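Reading through the structure tokens given below for one structure.
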Amino acid sequence: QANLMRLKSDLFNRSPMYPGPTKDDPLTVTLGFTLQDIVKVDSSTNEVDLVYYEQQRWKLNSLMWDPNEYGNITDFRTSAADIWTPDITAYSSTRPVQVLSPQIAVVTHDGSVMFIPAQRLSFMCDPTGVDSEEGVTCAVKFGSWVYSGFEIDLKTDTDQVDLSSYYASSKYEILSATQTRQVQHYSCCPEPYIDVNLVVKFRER
Amino acid sequence: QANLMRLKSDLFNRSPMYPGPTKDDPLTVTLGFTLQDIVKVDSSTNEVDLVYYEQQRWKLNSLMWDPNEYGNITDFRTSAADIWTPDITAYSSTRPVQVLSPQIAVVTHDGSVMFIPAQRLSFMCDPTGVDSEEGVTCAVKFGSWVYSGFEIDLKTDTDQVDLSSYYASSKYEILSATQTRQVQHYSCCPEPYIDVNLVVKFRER
Amino acid sequence: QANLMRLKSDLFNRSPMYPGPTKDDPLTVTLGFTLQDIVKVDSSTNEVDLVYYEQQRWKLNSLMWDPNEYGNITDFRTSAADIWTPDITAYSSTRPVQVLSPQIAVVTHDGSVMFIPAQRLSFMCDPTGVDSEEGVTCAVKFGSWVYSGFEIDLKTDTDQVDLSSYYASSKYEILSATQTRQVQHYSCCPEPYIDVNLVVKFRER
Amino acid sequence: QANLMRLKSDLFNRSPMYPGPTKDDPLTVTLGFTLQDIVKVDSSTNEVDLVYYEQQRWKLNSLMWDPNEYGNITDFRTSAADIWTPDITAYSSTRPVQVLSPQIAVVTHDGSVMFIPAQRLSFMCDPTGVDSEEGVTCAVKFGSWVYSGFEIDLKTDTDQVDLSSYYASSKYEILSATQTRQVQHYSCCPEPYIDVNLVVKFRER
Amino acid sequence: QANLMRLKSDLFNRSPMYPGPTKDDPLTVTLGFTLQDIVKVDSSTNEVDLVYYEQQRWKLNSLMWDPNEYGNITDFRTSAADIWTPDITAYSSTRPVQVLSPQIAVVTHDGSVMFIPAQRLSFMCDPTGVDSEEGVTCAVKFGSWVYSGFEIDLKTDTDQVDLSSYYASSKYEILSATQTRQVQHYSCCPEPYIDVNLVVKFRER
Ligand SMILES: c1ccc(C2CCN(CCc3cc4ccccc4[nH]3)CC2)cc1
Ligand SMILES: c1ccc(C2CCN(CCc3cc4ccccc4[nH]3)CC2)cc1
Ligand SMILES: c1ccc(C2CCN(CCc3cc4ccccc4[nH]3)CC2)cc1
Ligand SMILES: c1ccc(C2CCN(CCc3cc4ccccc4[nH]3)CC2)cc1
Ligand SMILES: c1ccc(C2CCN(CCc3cc4ccccc4[nH]3)CC2)cc1
């Protein structure tokens with residue numbers, strides 16, 4: 001406990017918190033989705049409710065340490081409030097996202113951070129054809145709300161959504177689930193915009 | 001990181017926070033709406049739910065800096081809690097507004113602030129005739145709750161609501177969406193009152 | 001900005017906050033209601049939902065200042081959290097009251113405070129007869145939760161509820177709306193209890 | 001104001017807050033209920049919703065003062081957050097309790113505290129027979145969550161629930177409402193467990 | 001009070017809070033469930049709502065004291081916010097868990113902590129066959145969100161869920177309720193992961 005108390009004190013009480021990335025010091029954020037369930041489909045409002053884990057990874061030099069100086073500690077768990085976290089948001093939500101898991105991150109000695117919030121999301125989705133064999137496709141983009149591709153570079157490790165934890169007795173069957181990194185440019189702005197498009201093809205089980 | 005940490009420290013930890021505008025030092029707030037969806041229409045209570053982005057822009061001398069003194073930083077992102085924000089509100093909401101995005105603003109070296117909260121709004125709207133070709137018109141005024149025209153001047157860049165992000169498979173089709181700055185004079189009071197009237201004409205797709 | 005920053009610092013950072021009134025130093029609170037809408041009526045639970053502005057006015061010697069000493073500032077806007085506010089409550093609510101507006105007050109150099117929260121209230125009301133020409137009458141009392149008339153004296157400027165902002169396409173038509181100051185004494189206790197009785201007669205439009 | 005500011009400073013800023021009772025220094029908490037309304041009955045989930053005032057009284061030596069030393073102040077009102085409050089809870093609630101009133105307590109010079117929160121409670125109750133003349137009986141136990149009878153001596157003043165404020169046009173009529181205290185010892189443990197069983201017999205009006 | 005004030009000050013104001021367990025200093029957390037009611041079953045979304053008490057026990061050397069040095073105090077009650085608590089979560093919830101009880105723990109002089117939060121949980125469960133004699137089986141895993149078996153060792157005192165407080169007039173009858181410790185391994189990671197699988201077999205009463 002003494003070595004970990006010392007490490008946390010040196011990392012969090014000595015210097016001000018990381019102020020976020022800039023064009024000169026960009027940050028790469030890796031996103032991955034683990035879809036657990038399609039909990040609700042509302043055909044009268046065109047809202048669909050998903051339960052998923054959103055894996056977020058990034059690396060900060062300010063979070064690095066030599067394990068030899070701290071009783072061979074290679075990683076620790078800490079409240080996500082103690083650290084800077086990226087402002088990754090769903091771009092077409094209809095309700096505030098509901099957090100289903102403790103807000104705790106894992107920090108590794110190389111400065112790597114892994115934060116996996118479990119969430120319930122209501123987003124814009126026309127479910128017409130969900131009761132058919134072909135099913136229905138719905139998509140929701142995720143990205144930084146305030147940082148462009150010049151400050152936050154969004155990435156995925158795979159374009160395949162993790163369906164290994166998908167509820168087997170769900171009302172809905174997943175035909176396909178992909179997470180695709182997209183780089184967009186708008187007429188307004190010279191900076192690129194990055195999002196991860198979560199595309200889910202599903203039908204009634 | 002060091003230059004941004006220094007900038008934020010100089011802007012936020014040296015002087016007290018901006019106390020808001022006065023008649024002697026008025027502030028101009030530019031409002032713009034990006035309508036995403038008409039998520040719900042309730043004909044039994046006369047409530048309509050909107051999902052939109054509300055772009056807010058203002059400029060403070062106290063937020064200015066010389067980029068040359070701070071490693072050529074021309075702008076940064078910071079929690080909206082670190083800065084003063086205008087008390088812009090819907091004058092005919094029926095439920096507290098639901099924030100759908102991170103509460104983060106972009107501050108530019110010229111003292112400009114851009115704050116774009118995504119919101120879900122429930123407001124007073126009689127949807128009689130939504131199921132017709134003519135559709136229905138509904139309006140909601142936005143403005144400062146406590147500041148008159150003498151302290152906060154409200155403006156728009158365009159009278160046209162941005163409909164380029166409007167949900168393509170929405171239950172409702174937008175016939176027209178305008179955002180108009182209105183000035184109101186009362187016999188009682190010498191001070192003018194300013195609002196932005198969001199007028200949306202819509203029908204069932 | 002500098003003069004207002006100085007004023008706020010002198011009023012709020014020099015002395016402890018106003019500890020509320022006492023029998024020796026009573027406070028008069030003026031109440032006024034502006035009814036915007038009867039949003040929902042529930043005949044299965046006997047609950048009615050109102051949307052209104054509740055104007056609250058009081059005066060504190062501790063909030064007084066000479067405008068000449070502060071660059072001729074005669075009033076300012078401040079977060080209601082910076083000041084003491086009366087504990088005015090609805091005595092027959094069925095749900096926690098929902099705040100629809102920014103929590104900001106206007107302080108005048110004579111020590112006057114004006115606080116106008118917009119609220120959504122669910123209260124006990126049998127709506128039987130709302131669908132008739134005669135309509136239905138419903139009442140809700142407002143007053144201090146913990147202070148008697150010896151500490152907080154409630155007053156009204158008028159017995160007429162402001163209906164000039166009442167939603168013209170509401171499901172309900174207002175036949176009459178009054179706000180009356182009422183006094184009561186209990187056998188135990190000598191102190192009077194004050195409430196403002198909001199009586200609304202309404203029917204379906 | 002000055003004398004009350006001085007009193008509050010002496011009571012709350014000089015010594016640490018009361019750490020709660022112990023076996024060596026037990027505390028008597030007097031509990032009583034004022035039933036306002038049976039708002040809802042749900043026969044599909046077996047949940048009943050009550051609106052009531054829960055009167056809590058206790059006395060602390062650390063909250064005592066000589067009125068002569070403080071401008072003859074015999075009592076004051078303060079935020080329930082400034083003082084220790086007992087952890088009295090419903091043992092069979094189905095939803096978090098909703099607070100309908102300001103969280104303010106009355107402290108008397110003898111160290112007496114009176115705290116009367118208004119609340120909405122959903123609790124386990126089978127309402128089968130509510131639509132009959134006989135009605136239905138439902139019960140909810142209240143007590144300390146973590147303190148035994150050795151630390152918190154939970155008491156009542158009367159076994160009769162105050163029905164003098166019960167909503168006259170409620171959907172439900174009260175046939176009887178009692179608050180019976182119970183002291184129990186289990187074979188495991190030497191300490192008594194105390195609870196108050198709020199028993200309400202009611203039917204449709 | 002003085003001895004307890006002194007004890008709390010020595011335990012909580014002298015050293016930094018316990019930073020959580022590590023591989024070198026693991027922690028055993030014992031979990032136990034007391035099922036109170038199956039409040040709701042939703043066959044359209046496949047969600048079931050449970051009301052239960054979750055007993056959590058763990059032991060910290062940093063929470064030890066000699067009762068002889070503190071007026072023979074052998075245990076005390078304190079806000080769960082004053083101490084470190086394990087991040088035990090339901091792995092298949094569909095809504096944020098609702099806390100129904102005060103967040104207070106019991107600390108014993110041997111460093112033992114007992115924390116029993118009452119909760120309402122919505123979780124993934126297909127209730128098809130609940131209206132039959134055979135009933136339906138539903139399961140929910142609980143475990144640490146961020147810690148492995150190397151840091152938090154989860155244990156049970158019994159595999160039998162406590163049904164002695166189960167609501168007698170519930171819509172649902174419990175056929176069986178077990179809580180089983182399970183050790184899992186993931187392809188990513190060499191460390192074992194522990195969960196407690198709450199398996200409830202139930203039917204309509
Ligand atoms: C966040 C944290 C834990 C989980 C777990 C899922 C399965 N195990 C743990 C299995 C587990 C996943 C996992 C994902 C990335 C890296 C390491 C990981 N270990 C218990 C909780 C889910 C989301
Ligand atoms: C309001 C409007 C769009 C957004 C974005 C939605 C898609 N992108 C990039 C699209 C985008 C245009 C744009 C115009 C002005 C300022 C920021 C902007 N971001 C990232 C955030 C956030 C808030
Ligand atoms: C609380 C509740 C509602 C408001 C206003 C409602 C409509 N207007 C301006 C309408 C308005 C005239 C007027 C005349 C004298 C004093 C205050 C006044 N407000 C802007 C906001 C402000 C604060
Ligand atoms: C708890 C319970 C009710 C209230 C009130 C609701 C109606 N009154 C009546 C207030 C009131 C009666 C009374 C009778 C005997 C002794 C003290 C009393 N206070 C003012 C506030 C406030 C706090
Ligand atoms: C967590 C879970 C339940 C409770 C209680 C439920 C019922 N009682 C009596 C609680 C109670 C019996 C009992 C019997 C033997 C040993 C210890 C015991 N505690 C008071 C609160 C408190 C905290």
Side-chain angles (χ1 to χ4, degrees), chain A residues 87 89 91-92 141-149 152 184-189 191-195, chain B residues 32-34 36 52-55 57 87 89 91-92 101-102 104 106 114-118 141-149 162 164-165 184-189 191-195, chain C residues 34 36 52-56 77 100-102 104-106 114-118 162 164-165, chain D residues 87 89 91-92 141-149 152 154 182 184-189 191-195, chain E residues 32 34 36 52-56 101-102 104-106 114-118 162 164-165:
Chain A
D87 67 326
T89 326
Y91 288 166
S92 53
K141 293 172 181 203
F142 293 84
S144 178
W145 191 253
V146 296
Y147 295 100
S148 81
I152 293 180
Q184 283 160 55
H185 273 265
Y186 306 94
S187 44
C188 64
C189 321
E191 63 276 4
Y193 287 89
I194 332 291
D195 63 70
Chain B
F33 293 91
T34 298
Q36 279 201 279
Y52 58 84
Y53 315 147
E54 180 187 328
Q55 193 187 101
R57 298 193 350 259
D87 67 326
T89 176
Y91 290 168
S92 56
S101 62
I104 308 170
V106 182
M114 192 176 63
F115 181 46
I116 318 175
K141 292 168 183 207
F142 294 83
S144 177
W145 191 250
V146 296
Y147 295 101
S148 83
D162 185 359
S164 67
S165 301
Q184 181 89 225
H185 304 281
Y186 306 92
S187 44
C188 63
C189 322
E191 67 280 359
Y193 285 86
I194 322 188
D195 62 66
Chain C
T34 298
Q36 298 184 259
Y52 59 85
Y53 315 146
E54 180 187 328
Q55 191 188 104
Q56 308 180 345
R77 284 86 170 140
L100 312 179
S101 62
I104 309 168
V106 181
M114 194 174 63
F115 180 47
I116 319 174
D162 184 0
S164 69
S165 300
Chain D
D87 68 325
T89 332
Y91 289 176
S92 54
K141 279 166 182 163
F142 295 80
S144 174
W145 191 250
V146 296
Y147 296 101
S148 83
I152 292 181
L154 185 65
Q182 183 155 241
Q184 297 139 127
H185 301 259
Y186 302 93
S187 44
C188 63
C189 322
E191 68 278 1
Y193 288 90
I194 318 180
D195 59 57
Chain E
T34 299
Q36 276 189 277
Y52 58 85
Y53 315 146
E54 182 186 327
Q55 193 185 98
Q56 307 179 347
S101 64
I104 308 171
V106 181
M114 196 173 62
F115 180 48
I116 318 177
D162 183 2
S164 68
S165 302

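Atoms within a ligand are numbered from 1 in the order they appear, just like the ligands themselves. Below, chains carry the letters A, B, ... as their sequence lines are ordered, and counting in each starts from 1. Side-chain atoms are counted along with the backbone in the values below, which use heavy atoms only and exclude waters and symmetry mates.
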By chain and number, the residues contacting ligand 2 below 4.0 angstrom (heavy atoms only) are A/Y91, A/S144, A/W145, A/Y186, A/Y193, B/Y53, B/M114, B/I116

Which label fits B/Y52 and B/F33: parallel for a plane angle under 30°, tilted from 30 to 60°, or perpendicular past 60°?
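Aromatic pair B/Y52/B/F33 classed perpendicular.
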
Practice problem: Could you grab the distance from atom CD of A/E191 to atom NE2 of A/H185, nearest 0.5 Å is fine? | Solution: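 The CD atom of A/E191 sits 8.5 Å away from the NE2 atom of A/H185.
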
Practice prompt. Decide yes or no for A/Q184 and A/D195: does some side-chain heavy atom of the first lie under 4.5 Å from some side-chain heavy atom of the second?
Written response: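 Yes, side chains in contact.
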
So, do D/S92 and D/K141 sit near enough that their side-chain heavy atoms are less than 4.5 Å apart? no

- Set of ring-ring contact (aromatic ring centres under 6.0 Å, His included) partners for D/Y186, sequence neighbours left out: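 Residues passing ring-ring contact (aromatic ring centres under 6.0 Å, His included) with D/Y186: none at all.
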
* Is the backbone of A/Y91 close enough, under 3.5 Å, to the side chain of B/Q36 for a donor and an acceptor to pair up by distance? ->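 Side chain of B/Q36 to backbone of A/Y91, a donor-acceptor pair under 3.5 Å: yes, one is there.
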
